[PDB]
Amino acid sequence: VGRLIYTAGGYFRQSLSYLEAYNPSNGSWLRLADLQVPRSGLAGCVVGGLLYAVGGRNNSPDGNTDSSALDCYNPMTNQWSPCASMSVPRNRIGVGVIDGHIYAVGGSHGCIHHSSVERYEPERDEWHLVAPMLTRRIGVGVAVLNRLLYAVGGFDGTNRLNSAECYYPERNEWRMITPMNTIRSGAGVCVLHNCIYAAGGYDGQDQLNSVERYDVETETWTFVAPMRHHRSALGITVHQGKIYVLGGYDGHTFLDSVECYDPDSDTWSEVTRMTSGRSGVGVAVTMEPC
């Protein structure tokens, strides 16, 4: 089917503009068109086969600029095109897609910690604010399951969170769900099968390698096999029934390792390494560029 794991931006010494794509079929990496502005703490997502880079921050030697930008990469043309900007800058944002619409969740702007949420309409090229979360969350994990939007963990400006909430679009309303077993900010959050996975993160004391998953039916969080590396501010995505985690920060170095979770065997294995270690990347999956 020819889909790649795209990684956009990230941080190592400074915010980066790399766009690189990994092919699990042959293990190859491709460096593609750079982002127009270097961004870390951004989020990636895909709508209509187009890759989107949302929010983040340019942590440069001379500046610390939070981003409200929404930029669209087209694999057919290998070019970035700007889109309408969000209502507010959002560093360490969370992003989910429901029915072709992009939801931007939380994130930080200076010392402000957002509870606000806004929804992007690609063909109309418009952002609109929706109901804010019950909790302010930066470094929040966000995923979509059964057309419901989940915001998991993060940092409210005072405490790191094990809490999580769910957004029900037809009622424009947020509801708390079962809290995680572990306090997690900067975790990788994705959906695999009928479960929301929360991998890694920071509990206030150490970077985590534990992973727990939420069964939306039973409303319980259960630990699965831990990752090989402790990591927070990691990239995460799902590809053909497996979780891929990319990079992050383990408290010592910026990782380049890419681990892969197989739910059938409940095991993690390293499948490749990124061209360089980095944290705070935006990751998504779409067609290969040609």
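Quick note: we count residues from 1 along the sequence shown, nothing fancier.
Stretches 201-209 and 148-156 differ in mean CA B factor, with 201-209 having the higher one. Once the C-alpha B-factors are averaged per stretch, 101-109 and 119-127 rank with 119-127 first. Reading the B-factor column for the CA atoms of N172, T77, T182, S163 in the entry, the top value corresponds to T77. Residue-level inspection of the entry shows that, of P263, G56, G248, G63, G63 has the top Cα B-factor. When the modelled residues of the chain are ordered by their C-alpha B factor, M86 lands in the lowest third. Sort the modelled residues of the chain by CA B factor and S68 lands in the lowest third. Compared with the other modelled residues of the chain, the Cα B-factor recorded for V281 ranks in the lowest third.
The entry lists a Cα temperature factor for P226 that places it in the middle third of the chain's modelled residues. Compared with the other modelled residues of the chain, the Cα B-factor recorded for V37 ranks in the middle third.
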